[PDB]
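In this analysis, Cβ positions are derived from the backbone assuming ideal geometry, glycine residues included, and neighbour counts consider all displayed protein chains. No lab work stands behind these numbers, since they all come straight from the coordinates.
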Amino acid sequence: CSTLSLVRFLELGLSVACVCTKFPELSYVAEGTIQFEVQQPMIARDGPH
Amino acid sequence: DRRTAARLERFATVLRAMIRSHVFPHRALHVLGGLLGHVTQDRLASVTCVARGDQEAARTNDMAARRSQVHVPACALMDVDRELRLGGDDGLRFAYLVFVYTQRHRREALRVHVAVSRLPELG
């Protein structure tokens, strides 16, 4: 006979490349979004301009 | 500045050409207020002048004389009332910058003045 090599995804090191969360109501949501805000630093020049 | 007297000569020729071509310099020079401050790079400046209100409401970064006044070359300041002999008494008087054209082809010039008086309408 032959066995069946089972494998769980969280054991593999590839998991640390993404966050996985169950969302049991995904079948209902329309196109979802995510909002970023970012604030670029600035350095003080001087002179004429 | 370098080459300055030459530039003054060329500017003279420019204005004398302007009157000859009937595009008068008064249609080429709007007037701003009196300068108070500036920061200069090498041959590049940023002047700052008042535009309304009285001059000494400003604040210059001299630290010897924070406020200022208004200086005009006395050679050009032409008074009017004491000139016209209105018999008036000096109170609050207006201030007018006037240009004087003269037109004779290839022999022409421009005269500048700064006129003060009580007259609201020069005319």
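Observations, loosely collected:
- Karplus 3J(HN,Hα) series, Hz, for segment A:38-46 with 6.51 cos²θ - 1.76 cosθ + 1.60 (x for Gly, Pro): 8, 10, 5, x, 8, 10, 7, 7, 7
- Listing B:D81, B:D90 from fewest to most neighbouring C-beta atoms within 10 Å gives B:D90, B:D81.
- Applying D = kT/(6 pi eta Rh) to chain B, where Rh is the Kirkwood radius over alpha-carbon pairs, T corresponds to 25 °C and eta to 0.890 mPa s, the Stokes-Einstein value obtained is 137 µm²/s.
- Each pair of Cα atoms in chain A enters the Kirkwood radius, and Stokes-Einstein at 20 °C and 1.002 mPa s then converts it into a translational diffusion coefficient of 122 µm²/s.
- Residues whose placed amide H lies under 5 Å from that of B:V39, excluding near-sequence neighbours: B:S46
- Over the residues of chain B, the helix contribution to mean residue ellipticity at 222 nm works out to -5000 deg cm²/dmol, using -39500 (n - 2.57) for each DSSP H run of at least 4.
- Here the residues A:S5, B:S117, B:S21, A:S15, ranked from fewest to most Cβ neighbours within 10 Å of their Cβ, fall in the order A:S5, B:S21, A:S15, B:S117.
- Karplus-derived HN-Hα couplings along segment A:19-30 (A = 6.51, B = -1.76, C = 1.60, θ = phi - 60°), whole Hz, x at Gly and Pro: 9, 10, 9, 5, 9, x, 10, 4, 5, 9, 6, 7
- Karplus (6.51, -1.76, 1.60) ³J(HN,Hα), θ = phi - 60°, over segment B:31-36, in Hz, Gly and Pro reported as x: 10, 9, x, x, 5, 10
- Footprinting exposure proxy ranking of B:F99, A:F23, fewest other C-beta atoms within 10 angstrom first, gives A:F23, B:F99.
- Loop sites in segment B:1-58: trypsin sites (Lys or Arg not before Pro), DSSP, at most 11 other Cβ within 10 Å: B:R2, B:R3, B:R43, B:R52
- Spherically averaged projected area of the convex hull of Cα atoms, the protein assembly as shown: 29.5 nm².
- Rounded to the nearest 20 debye, dipole of the protein assembly as shown from Cβ charges on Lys, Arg, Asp, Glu: 1180
- Between segment B:56-123 and segment B:8-50, the Cα center-to-center distance that results, in Å: 17
- Relative contact order of segment B:3-123, pairs being alpha-carbon contacts under 8 Å that are 6 or more residues apart, as %: 20
- One chain, two ends: B:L86 and B:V98. Fully extended at 0.36 nm per residue, the span grows by 2.3 nm beyond their Cα-Cα distance.
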